[PDB]
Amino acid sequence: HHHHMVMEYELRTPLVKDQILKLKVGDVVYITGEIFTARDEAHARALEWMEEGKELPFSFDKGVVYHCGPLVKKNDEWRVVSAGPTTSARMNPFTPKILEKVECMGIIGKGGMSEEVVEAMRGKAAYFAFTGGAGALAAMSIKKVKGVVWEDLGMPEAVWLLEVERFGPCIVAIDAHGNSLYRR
């Protein structure tokens, strides 16, 4: 008699592990707090630094990474103009290693991730399928660019540190319990 309902969460960062574990595939999530962008080059450099024991200038632990190459303009401050998703599968080779040491984390992108990633997320992480449009209107939920690191990778590949309010919507598409909307 308990009907399945779609839950909506405004998840605050730094993430609370129990709130990640409560998520089910098909739930609606908005993010409020800090997120950072990273795609192919940043993940490659992160793995390189991690294996050499060099501290990263950001932290995956309790964080939300957005697979995104943003368009940013600089007036008095940096301003994000577009923040649309990139295809997450390109990050499949890097992501299990990154998940290894985190207590919990969240990942936003499009198209989903491999079964290796699904397994690596068990008990610790979720994947949020971005469903907030092309990226221009979504950028209006970004209130501040806190900073940028690894700018030498070029604007879309740099790691942008963003302060957001109700960034989304996203749909939980891989949970912390071995479920994936993308399976088969």
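Numbering starts at 1 and runs along the sequence shown.
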Test of understanding: from the entry's C-alpha B-factors, which stretch has the higher mean, 173-181 or 3-11? 3-11
For the C-alpha atoms alone, is the average B factor greater in 66-74 or in 41-49, going by the entry? 66-74
Which third, lowest, middle or highest, does the C-alpha temperature factor of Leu99 belong to within its own chain? middle
Going by what the PDB entry lists, where does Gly106 fall on CA B-factor within its chain: lowest, middle or highest third? lowest
Ranked against its chain, the third holding the CA B-factor of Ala134: middle
Among the modelled residues of this chain, does the Cα B factor of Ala125 put it in the lowest, middle or highest third? lowest
Chain-relative C-alpha B factor for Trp150 (record values, thirds): the lowest
